[PDB]
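Two versions of one and the same chain are coming, encoded as structure tokens; call them structure 1 and structure 2.
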Structure 1
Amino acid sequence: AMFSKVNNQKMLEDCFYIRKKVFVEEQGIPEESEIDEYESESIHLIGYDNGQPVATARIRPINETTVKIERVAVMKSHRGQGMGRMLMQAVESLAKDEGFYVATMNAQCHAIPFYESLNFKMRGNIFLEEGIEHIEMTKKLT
């Protein structure tokens, strides 16, 4: 499994393909919803396994120091804590390399133990209103 910053149109298409299969086909979200106005201003990451595109994420600067990690998609046959850790390590490395200090991301309840094992920290209120089962998490990259 190898991870790289997207620096050409093919690598990008590889990212949208993975997201089409996961978000649109597997999960039912519309293609023109998921590919948004923020694509152009984000950095993209692609992971390959034996030459095959299997994982992507985008890293969207919100200011000089902080990036939001979004649109993370991994092909079903490659999902697990191992891949999760490899993906997040690559995302962190890329963000650092691009001159950022903080990563933020949204997490559902089931994922919080995983993010905590990566030294992400909850941000926000101490209580979630019934119906809210997601939170922002943040990590200092330095």
Structure 2
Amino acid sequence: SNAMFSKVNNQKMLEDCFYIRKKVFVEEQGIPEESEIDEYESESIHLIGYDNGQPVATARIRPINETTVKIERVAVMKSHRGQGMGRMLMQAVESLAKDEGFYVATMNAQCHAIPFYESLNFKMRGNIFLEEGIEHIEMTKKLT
């Protein structure tokens, strides 16, 4: 099903997520480092993918109510992009969110990723908006 990805269940795995997120969002994309980790890590559910014992992909699922999750921090290390890992990650995210009892997902997608997310049957909603100098649009999907 989703064999390369695991639900984070200890601190080491969580810090592996943080490592990827710092490399991608902070170092590569210029998100201020102090903003990368927020007050929602504990309430969120995290996924991690490893390759050869090295953390290479992560996302988090943040419940906003009883039915709906926000998908956040979607990242694949640059070294491992373009080989289907992001797609596998997102498939694992959807499956995990459904397993955890949710029905709907929303995400503030970076605009460069729109075609990728459309291929996963997410749909744009609303209008574009800048956060941290990056263009985004909300995208949504029911979880199946």
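Between two forms, the rigid core is defined as the largest C-alpha subset superposing within 1.5 Å. Numbers given to residues start at 1 and step along the sequence of structure 1.
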**Asked** Which listed residue, 31, 70, 98, 36, is the one whose CA shifts 2 angstroms or more between the two structures with the rigid core aligned?
**Response** 31
**Asked** Quick one: once the rigid core is lined up, does residue 128 have its C-alpha move by 2 Å or more between the two structures?
**Response** yes
**Complete:** Here the CA of residue 58, compared between the two structures on the core, is shifted in angstrom by 0.7
**Request:** After aligning on the rigid core, report the distance the C-alpha of residue 81 travels between the two structures, in angstrom.
**Result:** 6.3
